[PDB]
Number of protein chains: 2
Amino acid sequence: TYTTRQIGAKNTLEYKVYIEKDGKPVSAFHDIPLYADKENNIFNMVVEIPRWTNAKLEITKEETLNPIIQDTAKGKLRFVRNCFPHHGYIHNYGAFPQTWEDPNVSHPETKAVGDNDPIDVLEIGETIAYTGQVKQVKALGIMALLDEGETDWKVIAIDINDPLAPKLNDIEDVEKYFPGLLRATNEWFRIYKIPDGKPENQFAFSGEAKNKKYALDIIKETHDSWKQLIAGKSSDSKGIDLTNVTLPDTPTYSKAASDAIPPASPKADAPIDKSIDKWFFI
Amino acid sequence: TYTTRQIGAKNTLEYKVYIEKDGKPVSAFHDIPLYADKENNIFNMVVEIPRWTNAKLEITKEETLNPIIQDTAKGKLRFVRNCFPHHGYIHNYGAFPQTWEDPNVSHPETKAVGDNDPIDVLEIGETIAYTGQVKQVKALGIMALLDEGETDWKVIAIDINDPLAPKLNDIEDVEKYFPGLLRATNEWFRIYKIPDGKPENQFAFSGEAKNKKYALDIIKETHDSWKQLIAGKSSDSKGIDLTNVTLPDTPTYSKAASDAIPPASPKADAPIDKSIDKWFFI
Ligand SMILES: [Mn+2]
Ligand SMILES: [Mn+2]
Ligand SMILES: [Mn+2]
Ligand SMILES: [Mn+2]
Ligand SMILES: [Mn+2]
Ligand SMILES: [Mn+2]
Ligand SMILES: [Mn+2]
Ligand SMILES: [Mn+2]
């Protein structure tokens, strides 16, 4: 049983969300198994941002036990802007634990280094997720996003408890039941940061969403990359905090990291500035 | 000065939003002047539904002083469904007070009876409005929607305080600063009821959004119809409660009706069933 420990009021600089393992804080990047069912390829996804929300909550690499915190830019809370016809994030967005997009290396398909973070998952179920929630999903395909020149693969997946779960098994089913969702995913990731001064993103494979096989090859590679990492054999760890509480053969393993963590102090959500409302017509 | 008096909690059955003019509840339908600045075509819009929301809030014709309550469909609280790529209402939504789409007469332009309510307005400004908000807007165009075979014009408007008001003068400027919002408005109203299992709506004029001038003509006809209604001369008033605290020359004028409304007793937003989250691919 994975739960959540909320410290602070959502939408504040102070807001932290730690994942708990049967009541004890674990590392959201390290102590949560990639696979819930390896045989079958059922993955564990850590949800960072709920669908149609704007706060840019992220699993923080350099904090101990990598809590999910809102990203900041120039001292301020970061929020993604609404770009017509979309309203915030159009997917439940998060990542697969125990994966690492090697910054030190130029993945051969996209020809650019990874973006230094857990691989990214777009979860397309019909229920809006919650922050710090662990969900079991099935990968259906993958997109090669080059986000600011950096390899940043987007894995398309679905909550296995989703009513259509059974009917979706490969990328081509995405278009049969969620027609146009895959083209909106291409357009959303090309332009979301334009209202921020960033250039427009680009996709490898001409925006081709790769199938479950290819995707599965990519999650493994990334998962192997994390293996070199938490083990201690990465060429450059970039100062990621490797503290964990469940991999005992690791240099960085450390029980008591968990007792170290402060109790939940959940507070009512802080309000978001009315500028976030703005709808951009890009 | 217009404020709002909330009773009970949002998304509940006991929720009512009353409009106040200087602290005295007044009829949201009859007592709020259609015009803010007549000769400048600046109207007072009553806001029913903030943008990107789903509870279907409406000025209630059948209740004294016509409060804004939540619509009911088959004994249950009504909520509009998410139709990709949209999220709830894509526009702040409301009506103009002192208007009436005549139920009892077949309008010559669309060939159908009126829908029995104040004319409807789509406010396209960038700020998300609030329920019961009286805002000052400027008509820009009107679309002839046939809602389940009834005359249901949609006025397209913008808050005068919008940072873009000044550049918006007639319908053609809407496609200028808001490219594609016009195409999405037509679609949104055709399909929004499909998920409820009703048929696709159709639009007169082939969905042409008619100019600001045609618009004013239609708003004005509707004001005349309301004049017959409130004066007491309607063929059939349809149980519409015509109590008012400001037109003394009207038969139903009764001050003391304002003092009869209970004090505010707002509670915080009740949770909305998770089925509401679902996104339909129509
Ligand atoms: Mn990031
Ligand atoms: Mn990420
Ligand atoms: Mn990125
Ligand atoms: Mn990334
Ligand atoms: Mn209605
Ligand atoms: Mn209406
Ligand atoms: Mn209607
Ligand atoms: Mn109507």
Side-chain angles (χ1 to χ4, degrees), chain A residues 28-29 45-49 56-61 66 68-71 73 78 80 89 91-101 103 110 112-123 131 143-155 157 185 188-193 196 198-203 219 222 226 240, chain B residues 48-49 56-59 61 71 73 78 80 89 91 93-95 99-101 103 110 112-122 143-155 185 188-193 196 198-204:
Chain A
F29 187 0
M45 197 205 153
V46 180
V47 171
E48 291 154 320
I49 294 142
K56 219 287 179 179
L57 300 312
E58 288 188 336
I59 261 162
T60 181
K61 287 183 302 265
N66 317 111
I68 290 168
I69 69 180
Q70 185 162 1
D71 206 11
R78 182 190 180 195
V80 161
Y89 272 88
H91 309 110
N92 297 275
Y93 184 96
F96 280 155
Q98 314 185 337
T99 47
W100 189 55
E101 290 269 30
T110 54
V113 317
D115 82 307
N116 190 38
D117 254 316
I119 194 173
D120 294 312
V121 195
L122 312 186
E123 194 264 298
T131 286
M143 297 181 104
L145 183 70
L146 297 163
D147 189 12
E148 299 192 57
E150 283 170 12
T151 285
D152 198 31
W153 302 93
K154 304 292 154 169
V155 176
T185 288
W188 198 107
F189 284 97
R190 284 173 164 157
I191 79 169
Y192 75 119
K193 252 153 10 164
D196 276 355
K198 321 255 185 211
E200 173 211 53
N201 283 327
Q202 55 186 0
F203 282 93
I219 302 87
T222 282
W226 171 94
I240 290 145
Chain B
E48 274 160 336
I49 293 169
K56 229 276 166 182
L57 287 13
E58 277 196 354
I59 282 151
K61 299 181 289 269
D71 196 25
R78 180 194 182 185
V80 172
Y89 275 92
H91 310 112
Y93 189 90
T99 68
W100 191 32
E101 295 263 28
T110 66
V113 306
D115 95 333
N116 193 30
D117 257 333
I119 187 163
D120 297 305
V121 202
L122 309 182
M143 250 162 175
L145 175 75
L146 289 142
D147 196 24
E148 287 188 53
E150 311 178 313
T151 293
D152 213 3
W153 289 100
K154 293 317 168 184
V155 174
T185 286
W188 198 102
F189 283 97
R190 283 177 180 181
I191 83 192
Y192 85 111
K193 248 140 40 153
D196 287 350
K198 331 253 202 180
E200 197 197 8
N201 285 325
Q202 352 72 103
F203 271 98

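A note on names: the letters A, B, ... follow the listed sequences, proteins ahead of strands, and every chain is numbered from 1. Whatever order the structure lists them in is the order used to number ligands and atoms, beginning at 1.
- Every residue two or more places apart in sequence or in another chain that forms a side chain to side chain contact (heavy atoms under 4.5 Å, CB included) with A:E148 is listed here: A:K193, A:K198, A:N201.
- Heavy atoms of other residues, nucleotides or ligands lying less than 6.0 angstrom from CD of A:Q202 number 12 at most.
- With no hydrogens or angles considered, no side-chain donor-acceptor pair links A:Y93 and A:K56 at under 3.5 Å.
- Within the sub-2.8 Å shell of the Mn ion (ligand 7), the protein contributes these N/O/S atoms: B:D147 OD2, B:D152 OD2.
- For the side chain to side chain contact (heavy atoms under 4.5 Å, CB included) test, residues two or more places apart in sequence or in another chain that qualify with A:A144 are A:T110, A:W153, A:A204, A:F205.
- Checked for salt-bridge contact, A:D71 and A:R78 meet the test: a charged N lies under 4.0 Å from a carboxylate O.
- Among residues two or more places apart in sequence or in another chain, the salt bridge (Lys or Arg N to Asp or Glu O under 4.0 Å) test is passed with A:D115 by none.
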